[PDB]
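Written below as structure tokens is the structure these notes are about.
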Amino acid sequence: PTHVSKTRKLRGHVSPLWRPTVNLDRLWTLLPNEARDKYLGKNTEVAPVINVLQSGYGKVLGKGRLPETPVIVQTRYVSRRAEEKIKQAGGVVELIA
Amino acid sequence: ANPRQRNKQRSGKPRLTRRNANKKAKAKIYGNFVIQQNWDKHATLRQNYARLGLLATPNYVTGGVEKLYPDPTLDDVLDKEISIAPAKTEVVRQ
Amino acid sequence: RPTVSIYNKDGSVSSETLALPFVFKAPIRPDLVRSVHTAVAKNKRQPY
Amino acid sequence: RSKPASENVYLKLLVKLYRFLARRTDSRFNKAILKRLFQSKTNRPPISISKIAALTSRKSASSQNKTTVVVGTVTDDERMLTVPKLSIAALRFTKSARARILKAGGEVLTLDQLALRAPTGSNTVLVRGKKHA
Amino acid sequence: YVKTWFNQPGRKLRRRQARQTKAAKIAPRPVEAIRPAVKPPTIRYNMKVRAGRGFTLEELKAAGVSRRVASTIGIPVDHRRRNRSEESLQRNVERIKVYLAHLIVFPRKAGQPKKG
Amino acid sequence: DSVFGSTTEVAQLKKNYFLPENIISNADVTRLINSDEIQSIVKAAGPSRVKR
Amino acid sequence: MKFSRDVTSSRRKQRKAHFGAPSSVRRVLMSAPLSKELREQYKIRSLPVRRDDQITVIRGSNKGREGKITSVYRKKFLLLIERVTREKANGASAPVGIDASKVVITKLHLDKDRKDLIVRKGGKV
RNA sequence: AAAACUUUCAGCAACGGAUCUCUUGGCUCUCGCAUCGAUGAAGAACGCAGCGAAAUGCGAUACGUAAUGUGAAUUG
RNA sequence: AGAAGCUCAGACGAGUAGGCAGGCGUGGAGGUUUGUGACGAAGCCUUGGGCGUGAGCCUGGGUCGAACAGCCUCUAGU
RNA sequence: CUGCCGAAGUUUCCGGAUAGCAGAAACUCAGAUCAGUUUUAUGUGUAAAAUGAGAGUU
RNA sequence: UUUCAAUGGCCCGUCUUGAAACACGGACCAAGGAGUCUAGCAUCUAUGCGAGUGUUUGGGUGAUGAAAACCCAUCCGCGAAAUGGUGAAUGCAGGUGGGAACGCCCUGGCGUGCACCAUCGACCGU
RNA sequence: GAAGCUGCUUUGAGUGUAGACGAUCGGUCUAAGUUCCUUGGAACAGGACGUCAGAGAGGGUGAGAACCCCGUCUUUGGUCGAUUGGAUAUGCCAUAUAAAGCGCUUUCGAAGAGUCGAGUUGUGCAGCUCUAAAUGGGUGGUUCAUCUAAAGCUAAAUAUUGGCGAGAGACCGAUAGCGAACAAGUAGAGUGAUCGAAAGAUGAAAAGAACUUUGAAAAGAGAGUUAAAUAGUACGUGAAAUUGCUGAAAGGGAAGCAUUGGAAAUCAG
């Protein structure tokens with residue numbers, strides 16, 4: 001406001017390829033909370049599917065540890081260490097065209 | 001302000017006033033008689049269409065709808081016939 | 001929760017009651033409301 | 001800074017409460033808390049629930065029942081999945097952090113509740129947030 | 001030259017009135033036509049599905065509608081778009097087939113002379 | 001209760017809105033100070049306005 | 001409160017309309033209330049005044065004076081009444097004008113036109 | 001060294017039109033609408049009233065005629 | 001105990017450029033004062049009185065004849 | 001309108017960056033370091049008692 | 001308040017200079033009269049939320065003024081990953097020292113040790 | 001797409017009437033104090049007692065009016081006429097020996113030239129010179145993809161300092177706001193193109209000062225009107241500069257100012 005301006009007090013003083021990246025530690029966070037309660041920590045024959053393309057991510061990177069629960073990761077691209085950690089956690093990677 | 005506008009400001013002839021500026025007025029229904037009878041003039045067209053059992057748009061709506069109360073593979077599909085749709089409103093049945 | 005008694009057309013207390021909504025326990029902020037009101041009471045200003 | 005620029009009435013109430021506690025006790029904890037309440041938001045960075053979980057069970061761990069105290073916001077850390085039991089007193093909790101701590105863990109506290117529980121700061125871990133920003 | 005938006009509320013109400021004036025003219029029928037479902041043309045957007053312009057001549061023919069009566073009952077036609085995959089064809093056939101099942105078509109008045 | 005919700009229950013008429021949480025639990029610090037917990041640990045209360 | 005967007009609540013436009021109204025409108029502007037006996041007789045709250053109407057001055061210095069209407073001076077909103085005049089310095093009589101709202105009609109000048117107007121405004125003749 | 005004269009102060013009277021109060025005006029924003037002319041337009045000139053110069057209205061049918069509405073004025 | 005407050009003690013006081021803080025006044029807006037007013041609002045005048053370090057404020061009398069202000073916030077053609 | 005703080009007055013490098021003087025913010029420091037000062041000692045310079053002051057940095 | 005006496009008192013503003021003086025401005029009074037609005041960027045402070053955040057292009061809706069308030073579908077902006085295609089806990093997401101704060105003791109000792117700073121260390125900046 | 005074939009599905013460029021639903025124009029309809037007292041020239045003020053309210057917007061009325069008047073609300077309508085729009089029902093007429101969609105093919109399928117383009121000179125476009133093609137030509141991409149120029153029409157969303165109206169505003173308040181609130185592009189200036197002002201307020205009502213007297217007259221003095229002429233058209237309020245008069249005081253080639261008191265005047269406690 002003009003009233004609080006300090007010129008009110010000077011009166012009188014003479015004056016590429018689109019590819020957002022997601023790391024492994026956030027892969028389970030993308031999935032909703034009720035599915036995590038169902039699939040995470042339980043040895044179920046059916047595994048959850050995390051299509052990281054539908055969540056606005058182009059590539060899955062390898063930062064972080066995944067929990068030992070297997071999970072199917074559907075994506076376009078994946079860093080070489082990321083899918084190493086994925087099968088070490090028991091999951092598989094399905095590259096999406 | 002203009003010489004044209006000052007011309008009639010000083011003139012004795014009254015202005016050609018038409019009182020047509022009634023906002024908030026929703027257009028009345030001609031066309032279908034059944035719709036006209038069951039249509040109430042206060043509600044919007046989206047509220048009237050929903051109440052009468054009709055669709056204002058067959059597509060998605062490009063905004064958040066209103067909420068007044070806290071609500072509680074070719075062959076099998078290319079040749080399949082949808083078993084019509086039920087009429088839930090008496091107007092739609094009408 | 002506390003209950004509030006409902007009053008009839010003649011001012012007599014009705015036997016029905018309602019639990020106090022949680023909104024009545026919200027923090028009461030003169031500083032925040034004044035700032036929001038300052039900006040919101042500016043949104044129907046015609047230009048000059 | 002003899003007073004905070006914040007016009008929040010409840011922040012002024014906390015400052016009043018810890019003005020008394022700082023001067024009517026001999027706790028260097030209470031003097032520290034009063035100073036950090038005066039500090040601006042720039043100098044009060046948020047601390048994550050994961051860093052709190054780390055600093056409790058770090059090295060020799062020995063967290064026991066010690067209550068974590070931070071003058072700031074305890075933001076949640078969605079990367080960590082299984083949340084330990086924690087007791088934190090803070091200015092604010094993000095809705096995620098408060099929900100996660102309560103569901104699988106201990107309790108959340110405000111700075112007035114802590115002053116009742118541990119007026120002298122006994123068995124309290126005074127944790128700051130990373131200012132590297 | 002500065003453009004101002006003081007008529008932003010005035011424009012919003014004028015369009016809501018225009019929608020209301022449409023419904024006055026044509027009451028038992030929707031104020032919008034049925035658009036198809038298509039997939040955007042880029043690697044960034046091909047996962048999504050948005051509304052196209054009209055249903056291709058093969059989508060109409062497969063559904064059972066002819067390209068002449070399609071406009072009459074409110075089904076836009078797109079002579080330019082084509083079906084490069086069965087996925088797009090089967091998706092829009094069911095969009096029409098749902099439309100036809102949910103549609104009430106009032107009969108017209110047919111002129112008929114005394115003799116044939 | 002549906003318009004505003006609570007601090008732990010979502011508002012039904014406002015998608016993803018929870019009531020704000022306060023900085024303090026009890027908004028009366030006077031009784032907080034005069035509580036037994038704090039009074040039992042404070043050092044000896046010095047004098048008020050003193051003689052010159 | 002006004003709710004129509006066709007009626008103006010502007011003081012500027014109300015004074016301009018009142019002070020620039022033509023004689024056909026100033027006739028309706030200068031109305032006077034009917035007396036108690038006339039109101040219970042005609043079921044009419046108020047009428048526009050007319051020459052040769054027996055009225056009774058209600059307010060002003062001339063309160064209580066009674067007389068007919070000699071000329072409704074529509075162009076300055078003043079009513080002129082017989083035996084209600086002001087004596088100038090030179091002895092001439094200048095009639096004193098009173099606003100129509102300050103008088104009360106005690107005997108109407110009934111014509112065919114007024115009678116239809118009475119029964120037009122929900123009244124009994 | 002008394003008056004005059006000059007100056008200062010106060011009172012009254014002048015001169016002046018500030019201040020205050022308002023205001024059929026301006027300015028700004030929004031809204032609805034689309035209608036000049038060879039069937040002579042916009043503009044110009046001259047005229048017309050019982051008593052008129054401007055403005056307004058009008059065109060030798062000249063501060064208007066017909067029709068329609070109102071219902072008893074106009075007014076110096 | 002308007003803790004924004006109350007109280008005790010000591011020292012210091014020019015100040016350009018510059019830096020920092022608190023105040024006075026004006027037009028209009030939201031709130032408020034069971035606010036003032038034809039038994040005289042505003043304005044103006046006065047060798048009338050009072051308050052403040054100061055910007056300024058209140059008041060007596062006279063004149064005047066229709067509106068005006070205090071506090072809390074907003075705003076600026078201040 | 002009042003109150004408080006308060007300079008430089010010019011080096012050093014290419015109109016300037018720098019430093020210096022003045023402030024702010026955030027740190028650690030009181031069994032500590034400073035100093036437009038004087039002594040003592042070693043050969044004017046260097047090093048360690050007197051006196052004063054809380055002293056530092058970013 | 002006016003006046004007298006004693007004592008004191010050089011015309012204000014601007015400009016130039018180390019400094020004056022000069023050099024302009026000023027007959028008198030009233031009213032008007034000059035760091036404003038906006039776009040971007042950056043600092044600091046406050047506020048809301050916080051790995052998120054941003055309702056107001058637009059749609060819904062709004063009977064009491066409806067240019068307000070209210071509600072939000074899909075996108076999008078910045079942030080969450082850097083480096084020059086690839087793309088990150090080796091090691092409690094690493095040890096040593098100083099350190100805020102706390103605890104146990106009989107000033108000091110011991111333990112714990114945030115922020116930050118020097119240190120050995122890694123991983124593709126973390 | 002044409003032409004054949006096939007067999008299912010189709011049909012008015014009419015003309016009346018009736019009623020309903022809309023739009024436009026005009027006329028018309030509308031709740032409650034003007035009871036008492038006090039102040040005042042005037043009550044619309046204060047007080048007392050009431051009323052209406054889907055109306056307590058605003059304006060007028062002799063000072064602040066929901067109840068005196070116009071209005072406002074009801075009206076997101078009643079009524080009366082008009083003039084019209086797209087439907088519905090129904091009557092009459094219908095040139096059907098007709099027209100169309102879909103489906104089938106041992107039959108066919110025309111597609112725009114001084115234009116594209118090349119060269120050059122100017123600012124994709126234009127001039128100049130030269131001047132085409134028919135799975136051709138245009139435009140993209142690493143052979144492919146896409147399009148079909150050199151002919152044409154087309155509502156809506158969009159713009160709008162003008163034109164016909166309207167409703168508003170944290171706008172200006174007569175040196176402001178448009179140059180112009182009045183008189184305004186006027187008075188006035190210039191050969192001309194053009195340039196371009198100043199100027200709002202008596203009172204509720206003109207009741208605008210009869211009459212007498214002086215004076216040639218303008219005017220003056222008594223008088224009179226008004227609540228008021230400290231409202232007399234040189235008109236609300238009447239500031240400062242400046243000027244005249246009266247009172248008090250001071251003054252030997254400046255003056256204003258400051259400090260301390262006296263004297264005179266005038267206040268306060």
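Chains: A, B, ... in order of the structure tokens. Residues: from 1 per chain. Ligands: from 1, in order shown.
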
>> Can you work out which residues from chain D touch chain A at a cut-off of 12 Å (counting only C-alpha atoms) and hand them back as a PyMOL selection string?
In response: chain D and resi 77-82+100

> Where does DSSP see strand (DSSP E) in range 3-75 of chain A, if you list the residues as a ChimeraX atom specification?
Replying inline: /A:21-22,49-51,59-60,72-75

Would you write out those residues with N, CA, C and O atoms, as an mmCIF file, in the first residue's frame?
```cif
data_model
loop_
_atom_site.group_PDB
_atom_site.id
_atom_site.type_symbol
_atom_site.label_atom_id
_atom_site.label_comp_id
_atom_site.auth_asym_id
_atom_site.auth_seq_id
_atom_site.Cartn_x
_atom_site.Cartn_y
_atom_site.Cartn_z
ATOM 1 N N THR A 21 11.774 -39.109 -14.635
ATOM 2 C CA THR A 21 12.481 -40.203 -13.988
ATOM 3 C C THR A 21 11.930 -40.452 -12.591
ATOM 4 O O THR A 21 11.684 -39.511 -11.830
ATOM 5 N N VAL A 22 11.739 -41.728 -12.264
ATOM 6 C CA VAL A 22 11.326 -42.159 -10.935
ATOM 7 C C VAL A 22 12.338 -43.178 -10.430
ATOM 8 O O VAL A 22 12.830 -44.013 -11.198
ATOM 9 N N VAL A 49 0.748 -54.800 -9.928
ATOM 10 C CA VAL A 49 1.307 -54.267 -11.164
ATOM 11 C C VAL A 49 1.415 -52.754 -11.029
ATOM 12 O O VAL A 49 0.426 -52.078 -10.717
ATOM 13 N N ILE A 50 2.614 -52.229 -11.248
ATOM 14 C CA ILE A 50 2.887 -50.801 -11.140
ATOM 15 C C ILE A 50 3.256 -50.314 -12.535
ATOM 16 O O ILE A 50 4.421 -50.389 -12.943
ATOM 17 N N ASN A 51 2.266 -49.821 -13.274
ATOM 18 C CA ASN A 51 2.498 -49.236 -14.592
ATOM 19 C C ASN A 51 2.918 -47.788 -14.380
ATOM 20 O O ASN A 51 2.076 -46.897 -14.248
ATOM 21 N N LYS A 59 11.059 -43.242 -17.224
ATOM 22 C CA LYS A 59 12.143 -44.164 -16.919
ATOM 23 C C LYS A 59 12.173 -44.454 -15.427
ATOM 24 O O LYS A 59 11.947 -43.560 -14.608
ATOM 25 N N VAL A 60 12.455 -45.706 -15.082
ATOM 26 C CA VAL A 60 12.621 -46.129 -13.696
ATOM 27 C C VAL A 60 14.113 -46.234 -13.409
ATOM 28 O O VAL A 60 14.833 -46.971 -14.094
ATOM 29 N N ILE A 72 5.582 -56.572 -10.296
ATOM 30 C CA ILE A 72 5.785 -56.465 -11.736
ATOM 31 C C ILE A 72 5.840 -54.989 -12.103
ATOM 32 O O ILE A 72 4.894 -54.238 -11.841
ATOM 33 N N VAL A 73 6.948 -54.571 -12.708
ATOM 34 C CA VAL A 73 7.176 -53.181 -13.078
ATOM 35 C C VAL A 73 7.006 -53.068 -14.586
ATOM 36 O O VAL A 73 7.797 -53.630 -15.354
ATOM 37 N N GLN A 74 5.977 -52.343 -15.014
ATOM 38 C CA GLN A 74 5.745 -52.062 -16.424
ATOM 39 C C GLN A 74 6.175 -50.631 -16.709
ATOM 40 O O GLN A 74 5.648 -49.688 -16.109
ATOM 41 N N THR A 75 7.129 -50.471 -17.622
ATOM 42 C CA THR A 75 7.678 -49.161 -17.933
ATOM 43 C C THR A 75 8.206 -49.174 -19.360
ATOM 44 O O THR A 75 8.176 -50.199 -20.047
#
```

>> Counting only C-alpha atoms, a student should be able to say which residues of chain D come within 9 Å of chain C; what is the right answer, written as a list in words?
In response: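 Every residue of chain D that passes the 9 Å test is in residues 7, 8, 9 and 10 of chain D.
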
>> Give me, as a VMD selection string, all polymer residues having an atom no more than 8 Å from range 9-15 of chain G, counting only C-alpha atoms (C1' of nucleotides) and skipping those fewer than 3 positions away in the same chain.
In response: (chain G and resid 2 18 to 19) or (chain H and resid 24) or (chain L and resid 57 to 59)

> Given a cut-off of 12 Å, which residues of chain C touch chain I, counting only C-alpha atoms (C1' of nucleotides), written out as a ChimeraX atom specification?
Replying inline: /C:30-31,33-42,45,48

> Contacts of range 5-17 of chain H at 9 Å or less, counting only C-alpha atoms (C1' of nucleotides), minus same-chain residues fewer than 2 places along, as a VMD selection string?
Replying inline: (chain I and resid 47) or (chain K and resid 1 to 2) or (chain L and resid 238 to 239 241 to 251)

> Can you tell me, as a PyMOL selection string, what residues are no more than 6 Å from range 18-28 of chain B when counting only C-alpha atoms (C1' of nucleotides), ignoring any on the same chain fewer than 3 positions away?
Replying inline: (chain E and resi 21+24) or (chain G and resi 5-6)

>> Could you tell me how far CA of residue 26 in chain D sits from CA of residue 61 in chain D, in Å to one decimal place?
In response: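 Separating CA of residue 61 in chain D from CA of residue 26 in chain D is a distance of 28.2 Å.
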
>> Show me, as a list in words, the residues of chain E whose atoms get within 8 Å of chain B, using only C-alpha atoms for the distance check.
In response: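 Taken together, these residues fit the definition: residues 17, 20, 21, 23, 24, 25, 26, 27, 28, 29, 30, 31, 32, 33, 34, 35, 62, 63, 86, 90, 93, 94, 97, 98, 101 and 102 of chain E.
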
Those same residues - C-alpha atoms - I'd like them written as a PDB file, in the first residue's frame.
```pdb
ATOM      1  CA  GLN E  17     -27.093 -18.273 -20.991  1.00  0.00           C
ATOM      2  CA  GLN E  20     -29.595 -22.304 -21.719  1.00  0.00           C
ATOM      3  CA  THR E  21     -30.862 -20.800 -24.979  1.00  0.00           C
ATOM      4  CA  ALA E  23     -31.722 -26.150 -24.411  1.00  0.00           C
ATOM      5  CA  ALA E  24     -34.770 -23.944 -24.956  1.00  0.00           C
ATOM      6  CA  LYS E  25     -34.586 -24.629 -28.700  1.00  0.00           C
ATOM      7  CA  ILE E  26     -33.844 -28.356 -28.332  1.00  0.00           C
ATOM      8  CA  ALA E  27     -35.050 -29.635 -24.955  1.00  0.00           C
ATOM      9  CA  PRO E  28     -35.307 -33.469 -24.979  1.00  0.00           C
ATOM     10  CA  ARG E  29     -31.865 -33.767 -26.562  1.00  0.00           C
ATOM     11  CA  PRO E  30     -28.330 -33.095 -25.279  1.00  0.00           C
ATOM     12  CA  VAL E  31     -26.726 -29.707 -25.865  1.00  0.00           C
ATOM     13  CA  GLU E  32     -23.533 -31.426 -27.074  1.00  0.00           C
ATOM     14  CA  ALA E  33     -22.896 -34.103 -29.667  1.00  0.00           C
ATOM     15  CA  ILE E  34     -21.149 -37.375 -28.852  1.00  0.00           C
ATOM     16  CA  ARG E  35     -17.458 -37.232 -29.628  1.00  0.00           C
ATOM     17  CA  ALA E  62     -19.466 -51.494 -38.037  1.00  0.00           C
ATOM     18  CA  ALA E  63     -21.873 -50.102 -35.432  1.00  0.00           C
ATOM     19  CA  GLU E  86      -8.433 -52.805 -34.197  1.00  0.00           C
ATOM     20  CA  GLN E  90     -13.549 -51.596 -31.216  1.00  0.00           C
ATOM     21  CA  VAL E  93     -17.926 -48.961 -31.978  1.00  0.00           C
ATOM     22  CA  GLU E  94     -18.968 -49.477 -28.351  1.00  0.00           C
ATOM     23  CA  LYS E  97     -23.442 -48.783 -29.495  1.00  0.00           C
ATOM     24  CA  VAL E  98     -23.895 -47.421 -25.973  1.00  0.00           C
ATOM     25  CA  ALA E 101     -29.022 -48.130 -26.702  1.00  0.00           C
ATOM     26  CA  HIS E 102     -29.491 -44.989 -24.588  1.00  0.00           C
TER      27      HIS E 102
END
```

Given a cut-off of 10 Å, which residues of chain I touch chain F, counting only C-alpha atoms (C1' of nucleotides), written out as a PDB file with N, CA and C atoms (P, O5', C5', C4', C3', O3' and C1' of nucleotides), in the first residue's frame?
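Saved file part_32.pdb follows:
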```pdb
ATOM      1  P     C I   6       4.104  -0.209  31.816  1.00  0.00           P
ATOM      2  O5'   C I   6       4.394  -0.577  33.338  1.00  0.00           O
ATOM      3  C5'   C I   6       3.334  -0.720  34.270  1.00  0.00           C
ATOM      4  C4'   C I   6       3.764  -1.539  35.461  1.00  0.00           C
ATOM      5  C3'   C I   6       5.079  -1.126  36.103  1.00  0.00           C
ATOM      6  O3'   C I   6       4.945  -0.022  36.980  1.00  0.00           O
ATOM      7  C1'   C I   6       5.070  -3.462  35.780  1.00  0.00           C
ATOM      8  P     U I   7       6.066   1.128  37.001  1.00  0.00           P
ATOM      9  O5'   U I   7       7.281   0.462  37.784  1.00  0.00           O
ATOM     10  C5'   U I   7       7.093  -0.073  39.086  1.00  0.00           C
ATOM     11  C4'   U I   7       8.249  -0.946  39.501  1.00  0.00           C
ATOM     12  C3'   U I   7       9.626  -0.307  39.449  1.00  0.00           C
ATOM     13  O3'   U I   7       9.892   0.533  40.558  1.00  0.00           O
ATOM     14  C1'   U I   7       9.720  -2.452  38.473  1.00  0.00           C
ATOM     15  P     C I   8      10.879   1.789  40.393  1.00  0.00           P
ATOM     16  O5'   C I   8      12.329   1.157  40.570  1.00  0.00           O
ATOM     17  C5'   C I   8      12.678   0.470  41.760  1.00  0.00           C
ATOM     18  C4'   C I   8      14.006  -0.231  41.634  1.00  0.00           C
ATOM     19  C3'   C I   8      15.158   0.602  41.102  1.00  0.00           C
ATOM     20  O3'   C I   8      15.728   1.464  42.069  1.00  0.00           O
ATOM     21  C1'   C I   8      15.136  -1.483  40.006  1.00  0.00           C
ATOM     22  P     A I   9      16.393   2.853  41.611  1.00  0.00           P
ATOM     23  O5'   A I   9      17.771   2.415  40.947  1.00  0.00           O
ATOM     24  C5'   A I   9      18.744   1.711  41.701  1.00  0.00           C
ATOM     25  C4'   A I   9      19.859   1.195  40.828  1.00  0.00           C
ATOM     26  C3'   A I   9      20.520   2.213  39.915  1.00  0.00           C
ATOM     27  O3'   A I   9      21.446   3.049  40.585  1.00  0.00           O
ATOM     28  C1'   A I   9      20.070   0.254  38.692  1.00  0.00           C
TER      29        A I   9
END
```

If you run DSSP on this backbone, which residues of chain G come out as helix (DSSP H, G or I), and could you give them as an mmCIF file with C-alpha atoms, in the first residue's frame?
```
data_model
loop_
_atom_site.group_PDB
_atom_site.id
_atom_site.type_symbol
_atom_site.label_atom_id
_atom_site.label_comp_id
_atom_site.auth_asym_id
_atom_site.auth_seq_id
_atom_site.Cartn_x
_atom_site.Cartn_y
_atom_site.Cartn_z
ATOM 1 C CA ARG G 11 -29.608 9.163 -7.049
ATOM 2 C CA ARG G 12 -28.306 10.886 -10.182
ATOM 3 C CA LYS G 13 -30.801 9.137 -12.467
ATOM 4 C CA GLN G 14 -33.732 9.489 -10.055
ATOM 5 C CA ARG G 15 -33.358 13.260 -9.688
ATOM 6 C CA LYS G 16 -32.893 13.658 -13.444
ATOM 7 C CA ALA G 17 -36.038 11.633 -14.152
ATOM 8 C CA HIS G 18 -38.102 13.461 -11.521
ATOM 9 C CA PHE G 19 -37.014 16.951 -12.593
ATOM 10 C CA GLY G 20 -37.220 16.205 -16.320
ATOM 11 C CA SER G 23 -46.526 16.676 -18.049
ATOM 12 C CA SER G 24 -48.163 13.284 -18.613
ATOM 13 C CA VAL G 25 -45.831 11.833 -15.968
ATOM 14 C CA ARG G 26 -45.913 14.826 -13.615
ATOM 15 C CA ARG G 27 -49.664 14.201 -13.451
ATOM 16 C CA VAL G 28 -48.963 10.851 -11.789
ATOM 17 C CA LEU G 29 -46.155 12.311 -9.661
ATOM 18 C CA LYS G 36 -60.828 8.546 5.633
ATOM 19 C CA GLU G 37 -64.468 8.774 4.548
ATOM 20 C CA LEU G 38 -63.507 8.639 0.864
ATOM 21 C CA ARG G 39 -61.054 5.769 1.394
ATOM 22 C CA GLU G 40 -63.633 3.645 3.222
ATOM 23 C CA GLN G 41 -66.092 4.611 0.455
ATOM 24 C CA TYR G 42 -63.957 4.003 -2.647
ATOM 25 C CA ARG G 74 -47.641 20.718 -13.015
ATOM 26 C CA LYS G 75 -44.459 22.425 -14.204
ATOM 27 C CA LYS G 76 -43.385 23.318 -10.642
ATOM 28 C CA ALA G 100 -49.783 17.609 -3.715
ATOM 29 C CA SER G 101 -48.529 15.127 -1.106
ATOM 30 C CA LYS G 102 -49.238 17.672 1.659
ATOM 31 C CA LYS G 112 -66.862 9.320 -16.434
ATOM 32 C CA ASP G 113 -63.072 9.002 -16.695
ATOM 33 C CA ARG G 114 -62.466 9.150 -12.939
ATOM 34 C CA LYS G 115 -65.236 6.617 -12.284
ATOM 35 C CA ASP G 116 -63.617 4.050 -14.581
ATOM 36 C CA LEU G 117 -60.241 4.804 -12.988
ATOM 37 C CA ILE G 118 -61.761 4.222 -9.541
ATOM 38 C CA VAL G 119 -63.138 0.820 -10.531
ATOM 39 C CA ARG G 120 -59.908 0.186 -12.456
#
```

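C1' of residue 224 in chain L is positioned 6.7 Å from CA of residue 89 in chain G.
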
> If you count only C-alpha atoms (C1' of nucleotides), which residues fall within 12 Å of residue 61 in chain E, apart from same-chain ones fewer than 5 positions away, as a list in words?
Replying inline: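 That gives residues 78 of chain B; 55, 56, 66, 67, 68, 69, 70, 77, 89, 92, 93, 96 and 97 of chain E; 102 and 103 of chain L.
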
> Near residue 81 in chain G, counting only C-alpha atoms (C1' of nucleotides), which residues have an atom at most 12 Å away, once you skip same-chain residues fewer than 2 positions from it, shown as a ChimeraX atom specification?
Replying inline: /G:50-57,62,65-73,78-79,83-86,94-100,103

Could you build a table of the residues in chain E lying no more than 8 Å from chain A, giving for each the nearest pair of atoms and their separation in Å rounded to one decimal place, using only C-alpha atoms, ordered by chain and ascending residue number, as CSV?
```
residue,atom,partner,partner_atom,distance
E:43,CA,A:18,CA,7.9
E:44,CA,A:18,CA,6.2
E:47,CA,A:54,CA,6.9
```

Let's have the selection written as a PDB file, in the first residue's frame, with N, CA and C atoms.
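And here's again.pdb as it stands now:
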```pdb
ATOM      1  N   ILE E  43       4.631 -39.498 -28.526  1.00  0.00           N
ATOM      2  CA  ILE E  43       5.134 -40.420 -27.515  1.00  0.00           C
ATOM      3  C   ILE E  43       4.869 -39.909 -26.107  1.00  0.00           C
ATOM      4  N   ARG E  44       4.690 -38.599 -25.932  1.00  0.00           N
ATOM      5  CA  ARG E  44       4.399 -38.054 -24.613  1.00  0.00           C
ATOM      6  C   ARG E  44       2.957 -38.294 -24.184  1.00  0.00           C
ATOM      7  N   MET E  47      -0.422 -42.550 -24.272  1.00  0.00           N
ATOM      8  CA  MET E  47      -1.023 -43.388 -23.241  1.00  0.00           C
ATOM      9  C   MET E  47      -2.430 -42.918 -22.893  1.00  0.00           C
TER      10      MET E  47
END
```
